[PDB]
Ligand SMILES: Nc1ncnc2c1ncn2[C@@H]1O[C@H](COP(=O)(O)OP(=O)(O)O)[C@@H](O)[C@H]1O
Ligand code: BEF
């Protein structure tokens, strides 16, 4: 939540061409934002590059220029939460607020390997937000370096083809290639 208390599109000073184009693409996005269009952004790249930074920035910028309140979740944290109240039987209120949210950030989306019930929820949340035009921002890890449909096949390996296909329709892809990480 608030290790990025200071993550503004203003505190952001791009450190290369990649980070600069992302910033301009975000500013255009935040400016032209209709929650009824269900368009999001997808941030890909290595660790320390600033993906989560820009995702939190985008979430705030939307809220400070459009007044639309969204949510930031770590994907694993969101999944563990839900799986609990899924098999506790009595909290749907949290699930609806997540699914029906105008803006949702899925941070570190299934970066590693996931169990069947984790793949169940991810596919569920994304298909719902795909069908009901609910704008959703994603940050994800890309392994091998040098290859864009590989950002899709590498993602599809741990999420499935169906999901990555829908992620590609709704979102614009922004690769971030900073070096030296954090
Ligand atoms: N252009 C930038 N300006 C200021 N701080 C940055 C920038 N890029 C990254 N950071 C900081 O570096 C740290 C790691 O970045 P992070 O967003 O977590 O990268 P990733 O999510 O890709 O791992 C964060 O604390 C973030 O605030
Ligand atoms: F350290 Be990461 F790419 F959120």
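Residue numbers (the entry's author numbering): 42 to 187, 191 to 226. Even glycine gets a Cβ: it sits at the ideal position worked out from N, Cα and C.
Beta-carbon contacts of residue 217 that lie in its chain and below 6 Å, excluding the five residues immediately before and after: Along the chain shown, one-based indexing puts residue 217 at 173. So the qualifying residues of the chain are 83.
Within 8 Å, strictly: CB atoms of residue 179 and residue 207: Here residue 179 refers to the residue found at position 138 when the chain shown is read from its first residue. Here residue 207 refers to the residue found at position 163 when the chain shown is read from its first residue. No; because the gap between Cβ atoms is not below 8 Å, this pair is not in contact.
Buried or exposed by the 16-neighbour rule on C-beta atoms within 10 Å, applied to residue 89: Locating residue 89 in the chain shown gives position 48, counting from the first residue. Classification for residue 89: exposed.
Per-residue DSSP class, three states only, for residue 119: Looking up residue 119 in the chain shown gives position 78. It is helical.
Residue from 122, 154, 132, 170 with nearest C-alpha to residue 142: If you number the chain shown from 1, residue 142 lands on position 101. It is 170 whose Cα lies nearest to the Cα of residue 142.
Which listed residue (200, 212, 192, 202) has its alpha carbon closest to that of residue 220: As a position in the chain shown, residue 220 is number 176, starting the count at 1. The shortest Cα separation from residue 220 among 200, 212, 192, 202 belongs to 192.
Alpha helix (DSSP H) segment containing residue 206, residue limits: The residue given as residue 206 occupies position 162 in the chain shown. Unbroken alpha helix (DSSP H) run through residue 206: 205 to 214.
Close beta carbons around residue 72, own chain, < 8 Å, minus the five adjacent residues each side: Taking the chain shown and counting its residues from 1, one reaches residue 72 at position 31. 106.
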